[PDB]
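There is one chain below, alone, in structure tokens, taken in the form deposited in one PDB entry.
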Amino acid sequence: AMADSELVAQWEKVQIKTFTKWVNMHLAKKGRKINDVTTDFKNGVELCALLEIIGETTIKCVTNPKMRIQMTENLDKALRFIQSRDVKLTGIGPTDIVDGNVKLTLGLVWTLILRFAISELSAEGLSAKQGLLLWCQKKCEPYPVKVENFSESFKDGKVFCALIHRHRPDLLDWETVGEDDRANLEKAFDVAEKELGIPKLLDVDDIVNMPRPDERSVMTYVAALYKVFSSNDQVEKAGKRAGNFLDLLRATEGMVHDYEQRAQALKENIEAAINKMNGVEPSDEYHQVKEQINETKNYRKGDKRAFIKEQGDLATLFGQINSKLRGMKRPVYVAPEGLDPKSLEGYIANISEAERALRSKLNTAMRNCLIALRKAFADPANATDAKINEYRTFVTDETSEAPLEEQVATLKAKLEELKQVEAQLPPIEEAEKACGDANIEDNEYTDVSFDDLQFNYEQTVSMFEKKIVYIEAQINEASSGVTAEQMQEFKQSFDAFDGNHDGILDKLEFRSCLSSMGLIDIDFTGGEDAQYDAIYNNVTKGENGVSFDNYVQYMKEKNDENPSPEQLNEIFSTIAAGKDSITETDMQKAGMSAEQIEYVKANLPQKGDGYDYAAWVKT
């Protein structure tokens, strides 16, 4: 693997051309050019200008050194810059470069290539050459190329083409490679010249002819390739970084758009609700107010909670937007007028104020409504209980001097006055029932039930009617031998059989009366009766009803059928044939039933063989 002294001099000739081609590749950015590194650095000027372009620092070397002192002083300062960056330069003096020593000058051009073209590859344990080799090995994993050194591997040129297709496939077609050594080289150098910007640092003839190309010369060409690729990665890297930053802003805008339309909708909804609440008018009817109170319960359960949630969610979104921007060092976001979170917090407070104002005037309508329902029954009931009780104590009181006919007339007049109260009662009953619909079971305004009114009214009119017939009966006692206490009992029964208080007994009512008394055989079905029809026509005189006067007249006739005491003594005397005693056999001969006989036995005092009927006819 040793080189030949002929091949060593060939390498140096190649290394001097490629090192020259690398210097003026950088100098051409400043219009400057050198012919030969081993002679054009003897004056020190061209080195300093090359150090200032790769080093980005101003060095003030003499533009036209005529004396060797300026050339050597030139190289003291120009070398000191290289020494400042960490490159080992123990061996060279400035005179070594002025005198034009080939091996040391090529070694000096070599150090600034490592420092300024592939310094990033070094990693404290790996030299710049080794890291660049690993860099070449990685980029060619798919390709059928073998990279073991900088000389033998690149001779075929197949590795030069894989590096460009790995980074920029667009530039050189990959199918037309793998073969010719002039073509694939010239194709790669051409490609690097027109679109990678790299001049053909390597001569196409000098590599195909030699057994092994010079290592350092090939590395210098790769160095330009790596340096332009590091830019391509550095722009891509900045391209990725600026993408993340633009996507966050673009997404953050989408939040600002969503916030603003939601904050506007909230305001608009809260404004619509308040207008409904502020506008409703409470009703004077209970079931209406209950429903109006119920609609505020739907709000507290429904939309109210939703507004409070949306308002708080927006205040979270607003803070989340601003939390991004502050982390991005972006100017904070500020919301449109009247749409910042604190304003929204106010609109919630503004609808809470409208709601509080609404339900307050609703319950005030409710108590006024219930009070009206209690009073709508209590006040007229109290007044009507008082009015009938006024008439009640009057008919109860019998301290008048006034003649009896005047009492009757005044009593009847007072009856008609009380009578009109009957029509007032149905409206009072609805008032208590209207309270049952409003489920009120507590009234502090009155203790009267409606029944008490109906009972008290119906009882007190009866008393009036009962006292009329009583006092009229006293007045008319001589005219008709009917005791006033009998008229009471007649009126009590008549009124009792009068289902509807029309003061007259129906054909149907009169039957139910007589069947009770047992004066006619009973027919529960209600079928026609010729005897009753004849009794009814006779009593009423076809007056279409049994007048009370006609009722009394019938009853008087039934009473008059019965025997007087003195008439009753003669009836018994005839049974006994004229003795104080009535023997059982005396009755049996008169044909009396056994139940009749047993009644006499059980009711008359025994006087020997017979029973003393003198007790009945006491007379």
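Start at 1 with the first residue shown and count on from there.
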{"item": "Of 51 to 59 and 589 to 597, the stretch whose C-alpha atoms average the higher B-factor in the entry", "value": "51 to 59"}
{"item": "Mean temperature factor over C-alpha atoms, higher-scoring stretch between 393 to 401 and 532 to 540", "value": "393 to 401"}
{"item": "Top residue by Cα temperature factor, when 314, 177, 413, 293 are compared in the entry", "value": "177"}
{"item": "Given 421, 273, 79, 461, the residue at which the Cα B factor reaches its maximum", "value": "79"}
{"item": "Assigned third (lowest, middle, highest) for the C-alpha B factor of residue 16", "value": "middle"}
{"item": "Where the record places residue 453 (Cα B-factor, split into thirds across the chain)", "value": "lowest"}
{"item": "Position of residue 7 among the chain's modelled residues by C-alpha B-factor, lowest, middle or highest third", "value": "middle"}
{"item": "Position of residue 268 among the chain's modelled residues by C-alpha B-factor, lowest, middle or highest third", "value": "middle"}
{"item": "Chain third (lowest, middle, highest) by recorded CA B-factor, residue given as residue 125", "value": "highest"}
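From this point on, the text means the form deposited in another entry, which you will not see here.
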| property | result |
| --- | --- |
| Hinge between rigid parts between this form and the one not shown (choose from 233, 508, 578, 565) | 233 |
